[PDB]
Amino acid sequence: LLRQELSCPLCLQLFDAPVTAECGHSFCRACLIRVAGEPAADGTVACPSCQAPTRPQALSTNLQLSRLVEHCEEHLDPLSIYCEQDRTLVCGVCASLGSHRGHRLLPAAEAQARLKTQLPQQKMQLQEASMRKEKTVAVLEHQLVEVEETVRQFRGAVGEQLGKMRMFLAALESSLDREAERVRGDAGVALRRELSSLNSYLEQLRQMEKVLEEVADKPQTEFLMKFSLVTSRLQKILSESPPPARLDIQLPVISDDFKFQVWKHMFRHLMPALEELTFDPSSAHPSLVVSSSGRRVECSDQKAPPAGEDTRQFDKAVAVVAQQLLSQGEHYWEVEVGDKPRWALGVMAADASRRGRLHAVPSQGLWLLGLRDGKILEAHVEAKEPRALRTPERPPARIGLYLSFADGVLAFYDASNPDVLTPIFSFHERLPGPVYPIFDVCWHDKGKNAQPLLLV
Amino acid sequence: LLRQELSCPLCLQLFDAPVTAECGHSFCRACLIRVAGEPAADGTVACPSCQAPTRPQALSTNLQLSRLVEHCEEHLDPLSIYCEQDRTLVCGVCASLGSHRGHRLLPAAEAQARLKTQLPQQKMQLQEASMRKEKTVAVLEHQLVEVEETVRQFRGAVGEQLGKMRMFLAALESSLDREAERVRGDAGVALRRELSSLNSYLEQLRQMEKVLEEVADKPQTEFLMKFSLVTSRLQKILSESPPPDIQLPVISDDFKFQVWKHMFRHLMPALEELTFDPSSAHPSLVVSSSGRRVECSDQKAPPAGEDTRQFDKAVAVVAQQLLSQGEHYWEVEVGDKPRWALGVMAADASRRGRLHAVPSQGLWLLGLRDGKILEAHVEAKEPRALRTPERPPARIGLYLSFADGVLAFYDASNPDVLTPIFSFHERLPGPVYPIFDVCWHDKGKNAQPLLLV
Ligand SMILES: [Zn+2]
Ligand SMILES: [Zn+2]
Ligand SMILES: [Zn+2]
Ligand SMILES: [Zn+2]
Ligand SMILES: [Zn+2]
Ligand SMILES: [Zn+2]
Ligand SMILES: [Zn+2]
């Protein structure tokens, strides 16, 4: 093992006084010194091999292998043959004795000729190992940068999740403390108006008391003069007898009901940017009259003219789609429905045969929903039969809708109060998209389906 | 026909030079120039009775008798006769001429004798006016203190309303970014260990290349030495052939909802480490663990006593303490309990007599029997129920605020978050007591141990 366990990959010197580390390794001194990079100034001097460090300040000087050691230094006979059964080089005397008296072999000259011939193949394996190690280096850089930049995206989402409600709270507190401060200004004006009034009154009253104290002993003429003057002024200020009442504030004060309604108002007012970039009539229909930037809809008393047959347009399906749709991000918009007693909403891809709303259900991804007669829901869902819902204790007025993607986050909830929305139903599952959601209003229907339909 | 401008009715002093201004009033200047309170030292422009735009240099004056005279002295006849149709006292010439040739009057003496008699009565009226002025000053101070203390309460509610979610967001971001930093540390440990490995590999590869470059032209002995050494080490490293992914739960797209869910939990109102009260305790509800955890067994119970603070038949529990301001939150578990009851009552109803005691007298009820048959009653014939959700119910949450009667108790099928399924709506003067009851064993299975906090 002079060349098997006593083979330093760095030195192959005359091994004596090996340095032992807490990793469980024995090695040489300058051989290990040849490794550069990490001095104790930058930190640990860990073993690059076995995940167990050892500082140069924890010397456990153990020379066990150096004392286990004992041309050739044993026979003056140079190393002679590499064993072909043991796969080991020894010297002729040291080989025949001990190790290699009983194996199969190949002669030394032939073996070294084989090696001197095969040299470039091992060099190619060397540069191939270098190529693989650099492939792994590139994987390392790509993985580390992808991780830290995904962290960049996550911390940015954190930043925006902060910013939404942070700016909301700042704006609400500022608005309402300025409201309170303007009430302060009004009350201050009132109190200083009464201040000026009553301050003039009492100041001149005490002036009057001192003046009468002086005038109590004047001759009869000016005596009566001042008497008449004071009589007139006192009768005037008693005619100006103001019957005063208190103020009776009705300022909305911080109770402990606010939390619910204010928290709904923020739950609504969480809203990213504008979606006032309108629709596409690419499959529009006859029976409707539109206005208000082409947005408010109804029907009128003019029979509707038919349309020539076209491939994309429906046979009769009187519905509407829009223009924009993405496959990333978030979007919001707001509508109202008025007194409309029957309508329908759903969504469809490029796959269905648009001409004909015959038997066609979300079984093929032809997603449906509708309602008749005020509140009578008809939920055609992944079952050929509709379902119903609540009859709420108040009529529904507006609608508001929002889209997020990764979960197929579809959102459409009533907004009968612009301060606060009220949920109706959702389906927490994913849709690939973007295909279009489509929305339908029925015909004139004798004028019964002819009452206005709002939007902004 | 007011003669009020004999002098200024608000100054009663020397030369005035009356101002005819756009306020609709006749003004002086020294009246409030010598005296502060409505001063020009800060830019005041208001009338103490109208508050109209007016400046002190719009003079349109009269100096008739001021230039004439230097006692009436318009005739060298002092004021002589008081007039009664107009309540004026003038001199014979100035009265009879013009003003007072045709009125009711008092010539000489009775009126001024009345005045000399009534002097102290008008002084007493002056004391009354002083008392009224002090009433108005006290109203001023009361308004000042109410205003500044309303500012106190509003700014304090603002501070705490900030602090709750401000500390919540800070804590959540800190916890999760430190979690991210620890994931960074893990990735750093992996990359630096592989760094040490591969840098040692390439460094000793460079050593091998330089050694072979130097030594490729040496004698055969050390040649064969190197041959065997490299053979052994290279077959060792080919045996050491490495045969080579974070699953971090990322934010969802509905993620905003769950973040709001956890905030809805950790809103952090006051803590209620104050459990039930055995002020009317009974046998079959054994309590332990600082009066928290309760059980019961198959040994019959001593019969009922009779006193003030004890129930009719209900072997049940009442509460110790309750105030009239603030908020109180808690989270509960029910185990496999299929039947129980909770409610609230005032100091008026009797705890004796198990007849149909109902919220008809404001004795508000809620209960459950037989697995999931909910029974929540108000003044009617039968208690009501609701949809029975599918995912198994585990835990409960409850909340109280006082001034608005904010009563709350909602499902918490995951203790992280509650979901509103059933509660009532009333404001109570209070504080009236919450009471709690568990029914019998029914072979043991109707009575299983109970917990809170
Ligand atoms: Zn060495
Ligand atoms: Zn030998
Ligand atoms: Zn051998
Ligand atoms: Zn004056
Ligand atoms: Zn005025
Ligand atoms: Zn006269
Ligand atoms: Zn008269």
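Definitions and limits used
Along each chain, residues carry numbers from 1 upward in sequence order, and these need not match the entry's numbering; residues missing coordinates do not appear. Naming scheme: in the order in which they are written, chains are lettered from A and ligands are numbered from 1. Heavy atoms throughout the structure, all of them, feed into the side-chain values; hydrogens and water do not. Whether two residues touch is decided by their heavy atoms; if any such pair falls within 4.5 Å, the residues are in contact. Put simply, buried area is how much 1.4 Å-probe accessible surface two parts lose in total, over both of them, once they are put together. In the sections that follow, a salt bridge refers to a side-chain nitrogen of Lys or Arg positioned within 4 Å of a carboxyl oxygen of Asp or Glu. Comment: elements are numbered from the N terminus, with helices defined as DSSP H or I runs of at least four residues and strands as E runs of at least two. UniProt positions are given in the numbering used here, feature names are shortened, and annotations may be inferred rather than shown by experiment. Partly exposed residues are those whose accessible area sits between 20% and 50% of the maximum for their type, while under 20% is buried and over 50% is exposed, using a 1.4 Å probe and protein chains only. Lines fitted to C-alpha atoms define the axes, with helix axes restricted to the stretch in contact, and inter-axis angles between N-to-C directions lie between 0 and 180 degrees. By the definition adopted for this analysis, an angle is roughly parallel if under 35 degrees, roughly antiparallel if over 145, roughly perpendicular if from 65 to 115, and oblique otherwise. Here is the rule for handedness: rotate from the far helix to the near one, and if that takes an anticlockwise turn smaller than a right angle the crossing is left-handed, while a clockwise turn gives right-handed. Here the nonpolar group is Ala, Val, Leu, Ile, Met, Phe, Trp, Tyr, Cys and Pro; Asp, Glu, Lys and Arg are the charged ones; every other residue, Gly included, is treated as polar. A strand pair is defined by DSSP finding two or more bridges across the two strands. Counted as donors are the N, O and S atoms within 2.8 Å of the metal, or 3.2 Å for Na, K and Ca, while water is not among the atoms, so some sites may look incomplete. By the criteria applied here, four donors are tetrahedral when all angles lie between 85 and 135 degrees, four are square planar and six octahedral when opposite donors are over 155 degrees apart and every other angle lies between 65 and 115, and any other arrangement is irregular. Residue ranges assigned to each domain were obtained from an automatic or database domain assignment.

A. Here's a closer look at the interface of chain A and chain B. Taken residue by residue, the interface counts 74 residues in chain A and 70 residues in chain B. The contact between chain A and chain B buries some 6400 Å² in all, and 67% of this surface belongs to carbon and sulfur atoms. Sorting the residues of chain A by area buried against chain B places A:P48, A:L224 and A:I254 first, and these three jointly supply 8% of that buried surface. Our count for the contact surface shared by chain A and chain B stands at two salt bridges. The partner of A:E330 in a salt bridge is B:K256, with the nearest N and O atoms 3.2 Å apart. The set of elements that each furnish at least two residues to the side of chain A that touches chain B consists of β3 (79-82), α4 (108-215), α5 (220-239) and α6 (258-269) of chain A.

B. View of the UniProt feature "binding site: Zn(2+) 2" in chain B. Within the UniProt annotation, "binding site: Zn(2+) 2" is assigned to B:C23, B:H25, B:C47 and B:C50. Maximum C-alpha separation among the annotated residues is 8.9 Å over a sequence range of 28 residues, consistent with a single clustered spot. Relative to the helices and strands, B:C23 is located in the loop between β1 (19-20) and β2 (26-27). For B:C23, the contacting residues outside a window of four places in its chain are B:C47, B:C50, B:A52, B:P53 and B:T54. Looking at where B:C50 falls in the secondary structure, it is placed in the loop between α1 (30-33) and α2 (64-68). What makes B:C50 partly exposed here is its relative accessible area of 36%. Once you skip the residues sitting within four places of it in the chain, B:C50 turns out to touch A:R193, B:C23 and B:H25.

C. Spotlight on the packing of helix α4 (residues 110-215) of chain B against helix α6 (residues 255-266) of chain B. All names here are of chain B. At a closest axis distance of 11 Å, the pairing of α4 and α6 adopts a crossing angle of 125°. Comparing the axis directions of α4 and α6 gives the class oblique. Considering only the axes of α4 and α6, their crossing is right-handed. Contacts between α4 and α6 involve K164, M165, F168 and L172 from the first element and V259, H262, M263 and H266 from the second. Taken together, the residues of the contact of α4 with α6 break down into five nonpolar, two polar and one charged.

D. View of the sheet that holds strand β8 (residues 343-348) of chain A. All names here are of chain A. With antiparallel pairing, four strands are arranged side by side in an open sheet as β10-β9-β8-β14. At either end of the open sheet lies a strand with only one pairing partner, and these are β10 (376-378) and β14 (436-441). Going from strand to strand, the sheet's axes swing by 20° on average, the running direction of each strand aside. Pairing geometry for strand β9 (residues 370-372) and β10, over three bridges, is antiparallel. Its bridge partner lying in β10, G370 is registered against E378.

E. Main features of the UniProt feature "coiled-coil region" in chain A. Mapped onto this structure's residue numbering, the UniProt feature "coiled-coil region" falls at residues 121-218 of chain A. Split by type, residues 121-218 of chain A is 97% helix and 0% strand. Its first and last C-alpha atoms lie 140 Å apart.

F. A look at the coordination of the zinc ion (ligand 4). All names here are of chain B. Ligation of the zinc ion (ligand 4) by protein atoms is provided by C8 (SG), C11 (SG), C28 (SG) and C31 (SG), these donors lying 2.2 to 2.4 Å from the ion. Around the zinc ion (ligand 4) sit four donor atoms; with metal-centred angles ranging over 100 to 117°, the donor geometry is tetrahedral. When the donors of the zinc ion (ligand 4) are listed by position in the chain, the intervening gaps give C-x2-C-x16-C-x2-C. Note that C11 is positioned in the segment before β1 and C31 in helix α1, a separation of 20 residues in sequence. The residues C11 and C31 share a single accessibility class, namely buried.

G. The arrangement of the UniProt feature "binding site: Zn(2+) 3" in chain A in detail. Residue and element names in this part refer to chain A. UniProt annotation of "binding site: Zn(2+) 3" refers to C72, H75, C91 and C94 when read in the numbering used here. The named residues occupy 23 residues along the chain; their greatest pairwise C-alpha distance, 8.9 Å, places them in one compact cluster. With respect to the helices, strands and loops of the structure, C72 is situated in the loop between α2 (64-68) and β3. Ignoring sequence-local partners within four residues, the contact set of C72 consists of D77, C91 and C94. Note that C91 resides in strand β4 (residues 89-91). Classification of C91 by relative accessible area gives buried; the value is 4%. What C91 contacts, discounting residues up to four positions off in sequence, is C72, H75, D77, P78, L79, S80 and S96.

H. Just the sheet that holds strand β5 (residues 105-106) of chain B, in detail. With antiparallel pairing, three strands are arranged side by side in an open sheet as β4-β3-β5 (chain B). Each end of this open sheet is capped by a strand with a single partner; those strands are β4 (88-91) and β5 of chain B.

I. Region of interest: the domain arrangement of chain A. By domain assignment, chain A separates into domain 1 (133-237) and domain 2 (277-304 + 314-456). For domain 1 of chain A and domain 2 of chain A, the distance between their C-alpha centres works out to 49 Å.

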